[PDB]
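Visitor: Okay, handing you the structure first.
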There are 2 protein chains.
Amino acid sequence: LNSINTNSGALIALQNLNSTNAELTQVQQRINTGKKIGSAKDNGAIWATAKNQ
Amino acid sequence: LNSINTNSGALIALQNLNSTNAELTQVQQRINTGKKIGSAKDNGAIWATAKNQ
């Protein structure tokens, strides 16, 4: 409380903002590639069955 | 009592003034560093724990 060296609220706010930027990056990928699973990182099993099909 | 060669009241007054000056110096150090434990002299166990942390 009332510290000058530490600001935990800014840390939690930056964590929530980084989560929002991660969701926005996922939506940007969904928009530009047109696929909900555009790579093995999205879902390896469905992407594997898709490459085989 | 009624001595000219000594003044005990000035001695106790100097002791109280030195205590007040030490408290003001501690408050100045806390205003400076921003830490209530800025060094090992303040509290060595908690200080070493914070250093490892």
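Here, A, B, ... name the chains of the structure tokens in the order displayed, residue numbers run from 1 inside each chain, and ligands are numbered from 1 in the same displayed order.
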Give me the chain B side of the contact with chain A, cut-off 12 Å, one line per residue showing its nearest atom pair and distance in Å at one decimal, counting only C-alpha atoms, sorted by chain and residue number, as CSV.
Guide:
```
residue,atom,partner,partner_atom,distance
B:30,CA,A:4,CA,11.0
B:31,CA,A:4,CA,9.9
B:32,CA,A:4,CA,10.5
B:33,CA,A:5,CA,9.0
B:34,CA,A:4,CA,6.3
B:35,CA,A:5,CA,8.2
B:36,CA,A:3,CA,10.4
B:38,CA,A:5,CA,11.8
```
Visitor: What is the Cα root-mean-square deviation, to one decimal place in Å, for chain B superposed on chain A with all Cα atoms matched in order?
Guide: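 The optimal C-alpha superposition leaves an RMSD of 0.3 Å.
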